Amino acid sequence: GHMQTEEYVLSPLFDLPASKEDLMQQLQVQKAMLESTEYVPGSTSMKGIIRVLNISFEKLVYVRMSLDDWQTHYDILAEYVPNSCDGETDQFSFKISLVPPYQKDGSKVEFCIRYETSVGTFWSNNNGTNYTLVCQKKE
């Protein structure tokens, strides 16, 4: 959680696991959350890694985005990173649509994770500042 790198990174205005403590404290509520966002070098997309808390083998990690008020959602079924789960938490990744190095006007994209498990559907949804990314590079 919290990939800080001096390179092309998206400008986020939401909550991300800053420390393992902060991670755990939020992960008891909203079990499925994003770790960080990374651009794809040479590809018109961005990839994010979502960390979910293994509470159910039958787990679903759906990434839904909207640049809209949420009248629409692409539903991306995230791809589980093989063997990432070490008993407690799993890691999934997904690719998103185009980003800043290709279109940097503040395109917008708010995504949320729908974690459907045997023990409930955990929505990773926040104060509005969900996974709100403003399509612009760091520097």
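Counting starts from 1 on each chain and goes along its sequence as written, which need not follow the entry numbering; residues with no coordinates are hidden. The basis for every side-chain value is the complete set of non-hydrogen atoms in the structure, without hydrogens or water.

- What the deposited record gives as its method is solution NMR.

1. Things to note about the UniProt feature "domain: CBM21" in the protein chain
Okay, step 1: UniProt positions are given in the numbering used here, feature names are shortened, and annotations may be inferred rather than shown by experiment. Under the local residue numbering, the UniProt record ascribes the feature "domain: CBM21" to residues 26-134.
Okay, step 2: In this text, helices come from DSSP runs of H or I with a minimum length of four residues, and strands from runs of E with a minimum of two, each type numbered from the N-terminal end. The span residues 26-134 is 2% helix and 46% strand, and its two end C-alpha atoms sit 23 Å from each other.

2. Points about the pattern of salt bridges
Okay, step 1: Each reported salt bridge corresponds to a side-chain nitrogen of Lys or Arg within 4 Å of a carboxyl oxygen of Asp or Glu. Overall, the coordinates contain 9 salt bridges when judged by the stated rule.
Okay, step 2: Residue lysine 59 pairs with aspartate 90 through a salt bridge whose shortest N-O separation is 2.6 Å. Remark: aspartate 90 occurs in strand β7 (residues 89-95) and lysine 59 occurs in strand β4 (residues 59-66); sequence separation between them is 31 residues. This pair shows no difference in class: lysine 59 is buried, exactly as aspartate 90 is.
Okay, step 3: One salt bridge connects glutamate 110 with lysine 108, and the closest N-O pair in it is separated by 2.8 Å.
Okay, step 4: The buried label goes to any residue with under 20% of its type's maximum accessible area, the exposed label to any with over 50%, and the partly exposed label to all in between, with areas taken from a 1.4 Å probe on protein chains only. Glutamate 110 gets classed as buried once you look at its relative accessible area, which sits at 12%.
Okay, step 5: Looking at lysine 108, the relative accessible area reads 24%, which means it is partly exposed.
Okay, step 6: Linked through salt bridges whose partners overlap, the residues forming this network are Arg64, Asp75, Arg114 and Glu116.

3. Some words on the packing of aromatic side chains
Okay, step 1: Stacked, tilted and edge-to-face are the three classes applied to pairs of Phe, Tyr and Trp rings, where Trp contributes its six-membered ring and a pair requires centres within 6.5 Å; stacked means planes under 30 degrees apart, edge-to-face means over 60, and tilted covers the rest. Following the criterion strictly, the structure yields 5 aromatic pairs and no others.
Okay, step 2: For the ring pair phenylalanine 14 and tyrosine 131, a centre distance of 5.1 Å and an interplane angle of 90° mean the geometry is edge-to-face. Note that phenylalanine 14 is positioned in the loop between β1 (11-12) and α1 (20-27) and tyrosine 131 in the loop between β9 (120-124) and β10 (133-134), a separation of 117 residues in sequence.
Okay, step 3: According to the relative accessible area criterion, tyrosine 131 is buried, its value standing at 3%.
Okay, step 4: An angle of 25° between the planes, with centres 5.0 Å apart, marks the rings of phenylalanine 111 and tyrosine 131 as stacked. Here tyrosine 131 lies in the loop between β9 and β10 and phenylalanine 111 lies in strand β8 (residues 110-117), a separation of 20 residues in the sequence.

4. Some words on the nonpolar core
Okay, step 1: In these notes, a set of buried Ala, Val, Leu, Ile, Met, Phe, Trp, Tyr and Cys residues joined through side-chain atoms within 4.5 Å is what counts as a nonpolar core. Of all hydrophobic cores here, the largest spans 27 residues; its most connected members are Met46, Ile50, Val61, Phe94, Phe111 and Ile113.
Okay, step 2: Broken down by secondary-structure element, the contributors of at least two residues to this core are α1, β2 (32-39), β3 (46-53), β4, β7 and β8.
Okay, step 3: With residues near it in sequence (within four places) discarded, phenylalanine 94 still touches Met46, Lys47, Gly48, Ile50, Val63, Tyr74, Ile76, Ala78 and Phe111. Here, two residues are considered to be in contact whenever any of their heavy atoms come within 4.5 Å of each other.

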